[PDB]
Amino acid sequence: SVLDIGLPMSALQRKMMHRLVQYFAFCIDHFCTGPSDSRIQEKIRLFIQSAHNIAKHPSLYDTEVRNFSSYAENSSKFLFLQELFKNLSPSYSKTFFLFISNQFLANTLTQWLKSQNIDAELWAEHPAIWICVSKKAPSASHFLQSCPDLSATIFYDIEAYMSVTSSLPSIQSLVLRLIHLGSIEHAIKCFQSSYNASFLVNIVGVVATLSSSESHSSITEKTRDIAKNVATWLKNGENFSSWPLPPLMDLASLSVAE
């Protein structure tokens, strides 16, 4: 019911992940090899947040005001969403709900999709795609009971998934998850099954290891091929049995605890 779309990280995102782990090297080593104090755990939450942010969009660490449409350069997620509707065309007529755990990106995405002639707009307490800030999920749940006849759901990021799943009752609709390969999102996916005492330790450890796919051309190719496949899939009545994507590779062997 809940399906993952593995999308590759850009060179920039990987650099940032490498820099992040390096900056937190001591803290990660400490936290992942034994009992740690409350303040260490506080700092690990900042590590996790930063990793989420990089996985959402690297330009969350741009200081300057930038021209919308600058952005799809370094995000497989933006490119995916573009190429999906590009190959979905005006034939398809189901209403998408997209959840994203960042106000700025919600605005930028919404404006950028319009720019490419896609009927997208922000949610608030009928279009081709609603763009919903995960904070404003409490309202959308009401309207995700009525349109289960025709309403598909995309999670831009795992943070939004974490947030929306816990707050709202389990959703009766098609759920797509955009998950960056090798990111914290991937790690959270592989240790979702637990949420035990070793959950934080493992997702940090795996991410740390991974940050201790290829180039721009190849990323674009892969992203389009994934986008074409998913679109084609949605056109043909969203068969569970003919889902065309391989699942995310399991990272359990890279665990550090339990």
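Residues carry their position along the shown sequence, with the first being 1.
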What size is the break between residue 193 and residue 194 in terms of deposited sequence residues left without coordinates: none, 1 to 3, 4 to 9, or 10 or more?
none
Residue 125 to residue 126: deposited residues not modelled, binned count -> 4 to 9
Is the mean CA B factor in the deposited entry higher across 182-190 or across 116-124?
116-124
As the entry reports it, the stretch among 171-179 and 97-105 with higher mean C-alpha B factor is 171-179
Of the residues 153, 89, 76, 134, the one whose Cα carries the largest B-factor in the deposited record is 89
In terms of CA temperature factor as recorded, identify the highest of 160, 147, 129, 84.
147
Third assignment of residue 65 from its chain's C-alpha B-factors
highest
Give the position of residue 214 by CA B-factor within its chain, expressed as the lowest, middle or highest third.
highest
Comparing residue 37 with the other modelled residues of its chain, is its CA B-factor in the lowest, middle or highest third?
middle
